[PDB]
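This document contains two forms of one protein chain, each encoded as structure tokens and listed individually as structure 1 and structure 2.
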Structure 1
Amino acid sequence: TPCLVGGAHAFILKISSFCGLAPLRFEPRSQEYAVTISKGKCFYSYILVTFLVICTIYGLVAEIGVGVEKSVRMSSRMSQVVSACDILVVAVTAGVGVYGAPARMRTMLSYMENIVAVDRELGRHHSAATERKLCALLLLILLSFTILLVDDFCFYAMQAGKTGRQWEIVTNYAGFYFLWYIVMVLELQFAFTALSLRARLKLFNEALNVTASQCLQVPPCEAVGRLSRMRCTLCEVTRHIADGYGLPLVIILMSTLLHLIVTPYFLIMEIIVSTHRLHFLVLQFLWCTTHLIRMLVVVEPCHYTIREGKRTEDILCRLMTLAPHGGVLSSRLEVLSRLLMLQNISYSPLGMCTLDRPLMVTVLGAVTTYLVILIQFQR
């Protein structure tokens, strides 16, 4: 019983495999891809992430020990704790992403066999078309992030080359940007998994709307029960996704919080002390935009899933109003109403957050408060 997969989870799964976030074999059997746990590639992922974290920590220690005057990035005693936190938070995020990738892939393989059964009753062509449309956004975001990483690395290398520390700065911050790449790939992987589930739930909503209200290929009485079972399976898959990614999700959220606190602090420091390096200002603005984009990538698929659940409730209420009174197609909708009341399809990472648009407002308020706190502490 191989776990066939294709479309979105055929390209980003290979990218994550290359960067160590998806230790899966990729047998080319059939048109789709048969994925399975690849013990031996998990060891490679662990070795890669451990080497990157060790190199990043050693480079951070060397950059702290080289001195405030000599360092080009840490040109202040206060601009050493913030940069150290910046480095360590992405190190922790990449570690959580890789140290836990085998378990996440095991859960993914577990719910593959259920989501394929769900797709068979809806049409795999629609899911394949929707998943192939997310590859363009995947490539665009990955290319933008990689270009920003390369530009930042080159800028700092040329700045350190003036004082004859270009190779030292390259050695110290080589693994930092690889950890950035790993973190971004993990975020995109979660986002596209959630978007695939959202596409499945949208297909479920369309089927519930068009079949339960009289194109049909089935009586609506049996159709409502089939859709109820399908929604239970979809809720199971949503819970598995939320459980697998919960720790990476909370770590990514706190990393975005810390980064939206730190980067504006650096921009303000530059515009108040130097106003000299326009490249630094451009990079700081790009990094603030990138952190906002990361937050959006994390929170938007979950909000869309919640909106699709609300649409499910809307469709079900309309169907119950249009349903014949006291007929067979009135107790089948009662069971679905009880299901909708008992269960909501939402992403709660580790039970702390809710992963919705209201979470963005709270994080932005905390960012503003901690930013003004740092500004007061600097002065």
Structure 2
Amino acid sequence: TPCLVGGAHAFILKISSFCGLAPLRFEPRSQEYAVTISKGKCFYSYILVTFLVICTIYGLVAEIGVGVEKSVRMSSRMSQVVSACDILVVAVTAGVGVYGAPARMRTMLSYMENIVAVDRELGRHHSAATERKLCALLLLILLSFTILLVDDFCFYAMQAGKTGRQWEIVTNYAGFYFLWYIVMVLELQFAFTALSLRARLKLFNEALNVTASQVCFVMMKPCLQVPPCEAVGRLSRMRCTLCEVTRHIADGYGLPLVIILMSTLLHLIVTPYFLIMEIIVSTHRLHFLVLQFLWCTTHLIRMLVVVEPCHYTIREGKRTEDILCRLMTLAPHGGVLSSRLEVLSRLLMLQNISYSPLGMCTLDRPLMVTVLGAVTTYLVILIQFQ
């Protein structure tokens, strides 16, 4: 039993296996999957991302060296630089996601053993219904993004079909759109790893509330098998394990998350800018305007997908703080349970469960307020000049 991963977390692991973001061998256990590092899939991922990056660079050069008037996607020198920056940052995100995948998956197994131990101590992580709901949500997001990407590709190819270069744009941007798909699959993978960890933290909070209830294999499906004195110690150990796992996830996904946030800034500055520039000046294009609106919505959705599970984890930490306070008010004053609650309070004060990619920022809802605050500041400056 090396890893024994399952649920919606293992669904995105199989999906990202083909994208190169999870080079694992999936052994079905009729309930979950036992995943191990495979060198064949690692080599496949490396060669796939290298080929895609080479093709993307070649297409960027071919769309830059053609000129300005002849190119369809790029129509100005400023548009050439910003589109080149977009392509380069997307390629960098994909390269960080795929090249760093085998190390990330090794870390994943390394903390998944402890996650398996914690789940055994608590009992399950999700019900079947909510696991199916999460899988359906992941599939809906992935299919929506894939449909938008295909529509954008088809629109930009048909627009170039009037000139005659209907295949040149395809050759220049197939790798770019594959890299887009890889980047969003990586975003979904991080989001669902964080969501599974947050579910485990929620179960830990439920166990604390249960040992508060004093009904009387710590948790069963409620009641409490062990006395509250040792249950609190076991829960403190499990919370330290969860903190270690959250730190491991943040370390594994820090660089991709930072580059994704930078890409989100760039896109939320650029796509609304050209969307507005195509409104006030002259629309003349329903499909382009609809695509730009959908791309703005998709960038906002990607930022939300990145941020929201981290906010939920922080909220679960606040909830366990509240539960611990309610515990400390109760319980015999001089008893041994009170000192266990004191130790748990010291643990809660010393370390908290949060996501800080590379330490530059804290993934939470206040971060997206700063992002949208900066985006509007640049947009107000940029738009008012034209």
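Here the rigid core means the biggest group of C-alpha atoms that line up within 1.5 Å when the two forms are laid on top of each other. For residue numbers, the reference is structure 1: its sequence is counted from 1.
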Can you spot, among 31, 36, 50, 321, the one with a CA shift of 2 Å or more between structure 1 and structure 2 after core superposition?
31
So, does residue 196 move by 2 Å or more at the CA between structure 1 and structure 2, with the core held fixed?
no
Relative to the superposed rigid core, does the CA atom of residue 127 travel 2 Å or more between structure 1 and structure 2?
yes
When the two forms are laid on each other by their rigid core, does residue 360 show a Cα shift of 2 Å or more between structure 1 and structure 2?
no
For residue 86, what C-alpha shift in Å results between structure 1 and structure 2 following superposition on the rigid core?
1.2
Per-residue C-alpha deviation between structure 1 and structure 2 [residue 373; rigid core superposition; Å]:
4.2
Check the Cα of residue 269 between structure 1 and structure 2 on a core superposition and give its shift in Å.
2.4
